[PDB]
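Protein chains get the first letters and strands the later ones, always in sequence-line order, with residue 1 at the start of each. When reading the values below, keep in mind they use all heavy atoms of this one structure, side chains included, and skip hydrogens, waters and symmetry mates.
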Amino acid sequence: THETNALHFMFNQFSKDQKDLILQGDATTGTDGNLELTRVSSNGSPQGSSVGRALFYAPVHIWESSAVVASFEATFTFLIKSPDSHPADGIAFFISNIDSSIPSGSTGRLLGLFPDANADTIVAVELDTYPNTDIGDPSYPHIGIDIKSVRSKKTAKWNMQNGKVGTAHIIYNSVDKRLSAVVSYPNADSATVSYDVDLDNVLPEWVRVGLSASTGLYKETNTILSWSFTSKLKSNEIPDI
Amino acid sequence: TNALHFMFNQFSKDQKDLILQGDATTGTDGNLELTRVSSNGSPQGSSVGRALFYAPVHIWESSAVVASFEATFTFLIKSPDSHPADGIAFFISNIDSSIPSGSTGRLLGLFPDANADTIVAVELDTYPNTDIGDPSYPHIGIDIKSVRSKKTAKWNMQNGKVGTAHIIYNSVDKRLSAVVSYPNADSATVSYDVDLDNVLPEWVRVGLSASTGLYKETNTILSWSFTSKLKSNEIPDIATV
Amino acid sequence: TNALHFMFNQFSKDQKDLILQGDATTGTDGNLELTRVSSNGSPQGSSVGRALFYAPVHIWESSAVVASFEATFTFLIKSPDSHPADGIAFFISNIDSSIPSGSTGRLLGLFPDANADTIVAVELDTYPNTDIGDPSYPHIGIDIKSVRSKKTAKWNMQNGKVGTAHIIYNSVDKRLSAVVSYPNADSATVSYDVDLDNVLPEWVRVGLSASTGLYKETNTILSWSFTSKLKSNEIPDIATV
Amino acid sequence: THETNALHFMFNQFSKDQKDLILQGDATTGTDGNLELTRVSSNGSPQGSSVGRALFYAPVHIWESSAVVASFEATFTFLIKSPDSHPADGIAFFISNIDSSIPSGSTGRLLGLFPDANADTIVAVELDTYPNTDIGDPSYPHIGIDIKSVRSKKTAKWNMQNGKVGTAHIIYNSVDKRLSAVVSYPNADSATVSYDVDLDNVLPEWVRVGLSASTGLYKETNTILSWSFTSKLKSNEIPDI
Ligand SMILES: [Ca+2]
Ligand SMILES: [Ca+2]
Ligand SMILES: [Ca+2]
Ligand SMILES: [Ca+2]
Ligand SMILES: [Ca+2]
Ligand SMILES: [Ca+2]
Ligand SMILES: [Ca+2]
Ligand SMILES: [Ca+2]
Ligand SMILES: [Mn+2]
Ligand SMILES: [Mn+2]
Ligand SMILES: [Mn+2]
Ligand SMILES: [Mn+2]
Ligand SMILES: [Zn+2]
Ligand SMILES: [Zn+2]
Ligand SMILES: [Zn+2]
Ligand SMILES: [Zn+2]
């Protein structure tokens with residue numbers, strides 16, 4: 001039908017002066033047509049104590065006073081390399097208040113999203129490369145759903161492939177009120193995580209969507225090779241079933 | 001992930017991708033008339049017609065790979081008196097399903113009696129027949145191998161207005177939902193827990209059915225779209241809207 | 001292949017993904033009123049308004065990588081007399097473009113005079129002004145850096161009916177096309193050979209503009225969608241419909 | 001908008017008894033979830049003098065008496081292996097009259113599509129593995145647009161990769177009246193070919209879409225790993241610009 005508001009963007013390539021991206025922290029574009037979320041040295045080696053994010057310029061309308069909530073899909077391809085086989089801390093796809101910025105000291109385990117481990121409102125999927133078991137991480141690389149806290153509401157084990165290009169697929173289904181992620185490498189296993197959450201209880205009506213990454217003492221390239229996003233809001237739709 | 005999607009926003013005479021049974025015709029004002037109408041727009045009694053999409057739908061493969069699906073249609077039910085009958089149904093059947101003998105009126109072109117082919121239907125039931133187990137108002141109903149609905153919702157049907165019907169089958173949570181709506185009115189919604197891979201064969205046809213009996217109405221379809229995704233039941237459904 | 005797509009089928013007050021300039025407002029009956037209307041639905045003279053999508057559009061990258069694009073909008077132009085003015089335009093500008101001084105009436109909110117910002121527009125011109133080079137009937141026109149159209153087609157505009165406008169830029173063949181249509185009427189169509197990567201900057205905003213002067217009309221937008229694909233000019237465009 | 005007829009199918013996997021595919025000649029499904037268009041021996045070696053095709057079951061509506069023509073996209077992934085480095089004869093995506101069958105003696109250079117080299121109406125894109133310069137092939141592997149004749153209207157050189165999975169992307173744009181193909185391997189060059197042709201001059205109003213392959217004296221696996229098709233027809237659209 002014809003009763004739907006929608007936003008779609010796709011980057012298969014990033015250049016210098018990517019005017020439709022807001023870059024925060026150490027994030028740069030247009031090195032080999034990639035988005036580097038964390039600082040990489042002149043020789044290609046990642047740096048510690050780094051944090052960076054890229055947000056799409058247009059705000060996204062995610063719910064309305066009718067309790068009608070947008071459905072959305074995000075897809076990105078990433079390259080995490082750690083030459084020392086000591087990677088940290090990971091990549092996140094997030095949804096935030098529109099004027100959200102990098103919280104003070106959100107390097108390392110806090111992934112550029114949270115100021116502490118329990119100002120800004122965050123819903124994220126984490127690709128978490130480093131287990132911090134003292135803040136509820138399982139004791140392995142994992143994907144997680146983060147609702148207003150780095151202490152994931154749900155996690156699944158993630159067999160991350162040092163130096164391989166992987167794909168993350170984020171799905172919000174507003175019929176089911178379910179946030180899900182699938183992370184995969186070619187000719188390898190997929191990891192998946194789901195969590196039931198109505199975003200009209202959690203986020204503002206208007207948000208920005210972004211990618212965030214951090215390093216700490218340990219470090220990794222947090223390289224994004226492509227990023228696509230689609231959001232659909234049908235204002236005259238039944239808000240729940 | 002195997003997929004089928006079709007969309008009719010216009011019908012023509014000789015619609016080669018539809019199987020028309022009974023009194024069904026396509027092309028009059030670009031519409032599908034499931035039941036007999038006179039040249040003047042007068043609907044006839046004792047009429048039954050169905051339209052099936054020509055292509056069979058792969059509705060399950062294994063315990064891991066099953067099909068989520070969605071159907072939408074827009075309809076115009078009109079009678080010259082206060083007493084329209086008998087209604088419109090969206091159905092999934094065995095691929096070689098035909099109209100059962102005497103299935104006019106209350107049996108909606110789907111069932112030989114009120115308790116052969118395997119039928120799962122969502123019924124837009126305009127006429128309450130209390131002796132075959134209808135509630136005593138017009139209703140939307142989920143029918144699993146029987147005209148006696150497993151679950152119904154009251155339907156405030158508007159004689160002579162264009163309505164929208166939206167059917168959702170979630171193969172992960174095992175839930176069949178229907179929403180029916182007119183402009184500026186609250187929707188009717190019904191949901192029922194049913195694993196369709198235990199009821200239906202591997203291959204199905206999907207269709208629209210409609211009937212009149214003693215009482216009569218136009219059973220005019222203005223549009224009909226359908227999407228089926230045969231996929232892992234470990235991965236979450238992407239919403240359509 | 002970088003892509004942007006948006007679709008408005010409904011506008012709200014505080015549409016954060018639109019930049020409103022001049023007299024433009026959003027939300028009255030879920031519509032975008034580009035020019036001033038009274039509470040009773042009476043359009044005012046000497047009015048000008050534009051809506052720009054918040055996100056900038058990457059319209060070329062290199063001699064190999066350039067953007068094909070498509071825009072559709074639906075509009076209601078209504079006056080109480082036989083004499084509506086001055087019309088609606090779809091435009092591409094430099095990203096920080098604002099309404100030029102005195103651009104009401106015949107200049108359509110796009111141009112300071114009839115021969116600053118870089119403007120490329122498709123004009124739905126409701127009022128023939130022969131001294132700034134309009135033909136002597138209502139027309140659709142392609143405007144490249146000038147209100148004096150490079151090419152026009154006669155437009156049989158229907159006061160008080162909902163029209164559809166469809167703009168296509170083919171970056172391979174270097175051709176800017178517009179089609180305007182009402183239900184049950186023949187379309188008006190105009191095409192013009194122009195390499196937009198020689199006229200426009202690398203980054204643009206896209207927008208709708210409208211004006212009234214001495215004579216007046218409603219400049220109501222009911223929907224607006226846009227797709228831009230920045231891709232190799234060795235590969236063929238995929239049509240939208 | 002809401003004025004479009006559409007058909008979409010996607011196969012990422014083929015099983016035995018693929019009821020929505022018509023198989024012709026030597027074509028089989030459900031060996032390693034693949035479609036084998038030509039005969040492969042029990043040990044995995046391709047056979048000579050083989051021809052086979054797979055057609056989608058639902059007919060596709062490609063034009064109307066208004067001269068409105070469908071736009072369409074087809075994508076497939078294929079594996080051509082010849083252990084002897086002597087491959088023939090190739091794969092084609094085609095569009096035919098609905099009841100089209102394999103012409104007598106269409107093995108080898110005739111690709112399962114034509115009865116001779118100058119009953120059925122064919123438009124095809126060929127992935128031609130074997131140069132027959134006496135019927136106008138260039139003297140290398142090439143992609144070709146075939147309008148009612150194996151003597152390609154347009155060809156481009158194709159650097160085919162023995163034993164690699166490749167992707168073919170077929171585009172018909174009805175705005176441009178242009179049939180195009182792109183053929184690619186991962187981390188390798190793309191080959192592209194285009195030809196201007198209005199299909200309402202060439203095909204029936206209703207068609208089937210298919211894949212065809214042949215071997216001759218020389219042979220290759222003609223393995224299809226995935227196949228997707230989308231066709232859109234907007235009946236109230238301007239038929240040409
Ligand atoms: Ca961690
Ligand atoms: Ca099976
Ligand atoms: Ca009944
Ligand atoms: Ca719905
Ligand atoms: Ca540039
Ligand atoms: Ca004028
Ligand atoms: Ca159009
Ligand atoms: Ca050949
Ligand atoms: Mn974690
Ligand atoms: Mn009932
Ligand atoms: Mn003009
Ligand atoms: Mn050839
Ligand atoms: Zn809610
Ligand atoms: Zn089941
Ligand atoms: Zn150019
Ligand atoms: Zn034609």
Side-chain angles (χ1 to χ4, degrees), chain A residues 1-22 29-30 33-35 54-66 68 70 72-73 75 96-99 203-209 224-237, chain C residues 1-19 26-27 29-32 51-62 64-65 67 70 72-74 94-96 162 164 201-206 222-232 235 238 240-241:
Chain A
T1 64
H2 41 105
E3 301 152 334
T4 294
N5 283 21
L7 173 74
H8 171 67
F9 67 74
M10 185 161 55
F11 304 80
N12 281 321
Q13 182 139 115
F14 303 89
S15 68
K16 223 67 197 174
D17 303 320
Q18 193 67 64
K19 294 201 196 299
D20 53 355
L21 277 189
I22 307 166
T29 49
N34 297 333
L35 165 54
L55 295 83
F56 191 68
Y57 197 102
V60 184
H61 199 187
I62 229 72
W63 57 267
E64 284 178 329
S65 63
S66 53
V68 177
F72 67 73
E73 265 191 272
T75 307
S96 72
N97 55 290
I98 53 176
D99 44 21
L203 292 160
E205 205 192 320
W206 286 92
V207 296
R208 278 194 168 115
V209 294
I224 304 296
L225 322 186
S226 67
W227 179 32
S228 82
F229 182 80
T230 306
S231 193
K232 283 157 168 204
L233 181 60
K234 187 173 178 296
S235 304
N236 75 359
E237 190 67 4
Chain C
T1 299
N2 290 5
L4 181 64
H5 165 75
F6 63 73
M7 189 164 63
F8 304 96
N9 280 302
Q10 176 123 101
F11 302 90
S12 42
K13 216 78 190 164
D14 203 322
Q15 195 69 48
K16 297 190 192 304
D17 51 4
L18 288 187
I19 304 167
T26 52
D29 281 77
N31 296 330
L32 164 57
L52 297 86
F53 194 64
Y54 190 65
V57 186
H58 204 190
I59 224 55
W60 56 260
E61 174 57 10
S62 69
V65 171
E70 216 179 296
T72 312
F73 63 92
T74 67
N94 55 283
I95 62 178
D96 282 296
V162 178
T164 293
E202 171 157 14
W203 292 92
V204 300
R205 280 197 172 102
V206 298
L222 309 194
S223 69
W224 179 32
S225 77
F226 176 88
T227 303
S228 186
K229 295 218 272 191
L230 182 68
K231 54 162 208 52
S232 156
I235 60 153
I238 297 167
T240 299
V241 174

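- Contacts between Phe14(A) and chain C at a heavy-atom distance below 4.5 Å are absent for every atom of the residue.
- Only the side chain of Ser235(A) comes within less than 4.5 Å of a heavy atom in chain C; its backbone stays farther off.
- Counting non-hydrogen atoms of neighbouring residues, nucleotides and ligands closer than 6.0 angstrom, the NZ atom of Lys232(A) reaches no more than 12 such neighbours.
- Between chain C and the options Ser226(A), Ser228(A), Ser231(A), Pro59(A), heavy-atom pairs under 4.5 Å are most frequent for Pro59(A).
- Separating the CG atom in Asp20(A) from the NE2 atom in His58(C) is a distance of 8.5 Å, to the nearest 0.5 Å.
- Only the side chain of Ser12(C) comes within contact range of chain A, with at least one heavy atom under 4.5 Å from a heavy atom of that chain.
- In summary, the aromatic rings of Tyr57(A) and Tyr54(C) are positioned with their centroids under 6.0 Å apart.
- Ring centers of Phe6(C) and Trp224(C): under 6.0 Å apart, within the cut-off.
- Of the options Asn5(A), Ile98(A), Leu7(A), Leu203(A), a side chain to side chain contact (heavy atoms under 4.5 Å, CB included) to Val60(A) is made by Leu7(A) and by none of the others.
- Neither the backbone nor the side chain of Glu202(C) comes within contact range of chain A, judged by heavy atoms closer than 4.5 Å.
- One side chain, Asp99(A) or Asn97(A), offers a donor N or O that lies under 3.5 Å from an acceptor on the other.
- With a 4.5 angstrom heavy-atom cutoff, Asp17(A) touches chain C only via backbone atoms.
- The candidate with the highest count of non-hydrogen atom pairs below 4.5 Å against chain A, out of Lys16(C), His5(C), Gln10(C), is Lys16(C).
- With a threshold of 4.5 angstrom between heavy atoms, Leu230(C) does not approach chain A through any atom at all.
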